[PDB]
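Below you will find one chain, with nothing else, as structure tokens; this is the form deposited in one PDB entry, and questions on how it binds or moves follow later.
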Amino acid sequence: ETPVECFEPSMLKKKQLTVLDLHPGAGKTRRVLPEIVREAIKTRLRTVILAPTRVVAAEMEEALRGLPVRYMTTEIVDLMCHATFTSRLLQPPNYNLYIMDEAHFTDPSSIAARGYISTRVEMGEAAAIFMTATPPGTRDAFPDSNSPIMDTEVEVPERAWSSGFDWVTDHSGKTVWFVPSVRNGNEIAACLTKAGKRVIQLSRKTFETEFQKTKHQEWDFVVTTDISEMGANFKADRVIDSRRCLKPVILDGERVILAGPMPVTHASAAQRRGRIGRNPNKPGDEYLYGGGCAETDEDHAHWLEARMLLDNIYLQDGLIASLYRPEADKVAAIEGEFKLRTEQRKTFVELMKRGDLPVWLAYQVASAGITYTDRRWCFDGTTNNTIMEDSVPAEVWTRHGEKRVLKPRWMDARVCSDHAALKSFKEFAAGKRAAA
């Protein structure tokens, strides 16, 4: 179960799961992946490539051009995102080779995908290669890089500033700044823009659209959440790292809060720092970081949400997939305890795909026997669940013509953590849906 740093053809045999852990910038995505795919084609395997984002799935369509690779938005090598793969498993192919790039991605759909894949491997039905510089259990925040990095611990602004921090804005290059949340990024970006900087903001909801702006000369800062840890390539000379994240936590099975901001894992710190130092002929890149790392605890909601997904994915007769073993200890939930019957399972999937709700919240609503289009639960919760914005209680016109206070029966802090999330949830609660 030890990671390797070189691909060999014998890794493609069934029952092998290999972790390829070359350091950041070493060429996993653009040079090792095409070598694996060529070998999979020559041995006539049924192969799927899993990219963390549609952006990366484009960086692969280019590093694989000329090969029979077919990108799938929802012989021939299949290419899709982690989320697309898990979404397809939740719907009513039998690959024998799974290649997952950026296999450190900790979103529930990626965790679930690794659990399903590693289970197929242990069943003797497939081989798999997990590519990541930071596999689970990474404890080194400062891995190798193509060019040496200047690491400096410094106080990193956590809110807008009106003076001081001259080192932030006196820089003449391009900076990638990792923030713990969209709302914190909004405040940092506005402060930078007031200083005359050209700022690009990245988050999960906006990444596929806004990342293209970074491919141009005309920007000074990218202000990004942890989504840029997943193989986002920048031409930057500096990373500023809060070393902070938010952690969704299920409190007593009752609600989801956003805990923190609190220290990132070593893997996240290494991936953030790994955005620079990538040009072997360009010394002098800087990594300015604001605190220490800490390891995830038993209570990060994403691993329990991954079990909610896997309990509802068909495997083989009555079997359910386990989590990938190095992550299976992050969850106390019993295999199968979140399995839904057929009609509630359809609602569960619809609330996630069409409703844009977090997994945990979708599960609560679906397992209560609520159908997808019935939005009464958004308004009948405890007054403690009242959603606020601008310190006034949030209100919504329902399609029935009633103006109701947003007061969901189950409280998931992710539906109201920033303006974009709240806008989406208000439209959901009103029975509307933005065109996407």
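So that the term is clear: the rigid core is the largest set of C-alpha atoms that superpose within 1.5 Å between two forms. We number the residues from 1 along the sequence you see.
A chain break between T74 and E75 is present, corresponding to 4 to 9 residues of the deposited sequence without coordinates. The segment from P92 to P93 is interrupted, since 1 to 3 residues of the deposited sequence in that interval carry no coordinates. Look at the C-alpha B-factors of 305-313 and of 269-277. On average they run higher in 305-313. Annotation for 290-298 versus 152-160: the higher mean temperature factor (C-alpha) is found in 290-298. Across the residues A26, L50, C378, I370, the deposited record lists the maximum Cα B factor for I370. Residue-level inspection of the entry shows that, of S147, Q217, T342, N184, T342 has the top Cα B-factor. The PDB entry assigns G260 a C-alpha temperature factor belonging to the highest third of its chain's modelled residues. Among the modelled residues of its chain, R414 has a C-alpha B-factor that falls in the lowest third, as given in the PDB entry.
In the PDB entry, a CA B factor belonging to the lowest third of its chain's modelled residues is recorded for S110. For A366, the recorded CA temperature factor ranks within the middle third of the chain's modelled residues.
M123: CA B factor lies in the highest third for its chain, per the PDB record.
The protein also exists as the form deposited in another entry; that form is not presented, and the subsequent description refers to it.
Per-residue Cα shift between the shown form and the other one after core alignment stays below 2 Å for all of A394, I41, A58, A26 except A26.
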